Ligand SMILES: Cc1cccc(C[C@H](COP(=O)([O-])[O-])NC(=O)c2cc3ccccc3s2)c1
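The chain below stands alone and is given as structure tokens, in the form deposited without this ligand.
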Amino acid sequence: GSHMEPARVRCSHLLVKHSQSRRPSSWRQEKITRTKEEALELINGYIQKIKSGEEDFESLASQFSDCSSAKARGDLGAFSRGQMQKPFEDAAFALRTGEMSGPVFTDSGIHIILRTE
């Protein structure tokens, strides 16, 4: 008598892209020439800060996300399943209040998912 995964969850997301993509363009830089390994270093760097509580995810997502989502704070409030990608959904809906998925690798870049609520 339980629901298969939550129906709606709130999770904030950060996106770091890399050269290997169909569009290596950012809002803070023209051509993203950073390779995957460089992106990994960046991602892991934030992942540690998020656990230790060095910098706030909202501030990170609003600055380090190559996507326009940075200006959207990085948070999308409570979202349903049919709003996110398959890998994102699996990770986001598997995070409880305080959990962080980490590096979600997609073709459009690496997404960091943190359960804010």
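All residue numbers refer to positions in the sequence shown, first residue = 1.
Same protein, other form: the form solved in complex with this ligand, not shown, and the subject of what follows.
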Report summary line: In this shown form the pocket that this ligand occupies in the deposited bound form, once superposed onto the local C-alphas and checked for 3 or more atoms within 2.4 Å of backbone or C-beta atoms, is open
**Report entry** 4.5 Å heavy atom contact, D90 and this ligand in the deposited bound form
**Finding:** no
Query - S68 within 4.5 Å of this ligand in the deposited bound form, heavy atoms - result: yes
Query raised in the report: Taking the shortest heavy atom distance, is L76 within 4.5 Å of this ligand in the deposited bound form?
Result: yes
Requested in this report: Spell out, yes or no, whether the shortest heavy atom distance between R96 and this ligand in the deposited bound form is within 4.5 Å.
Outcome: no
Query raised in the report: Does each of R10, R81 and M100 have at least one heavy atom within 4.5 Å of this ligand in the deposited bound form?
Result: no
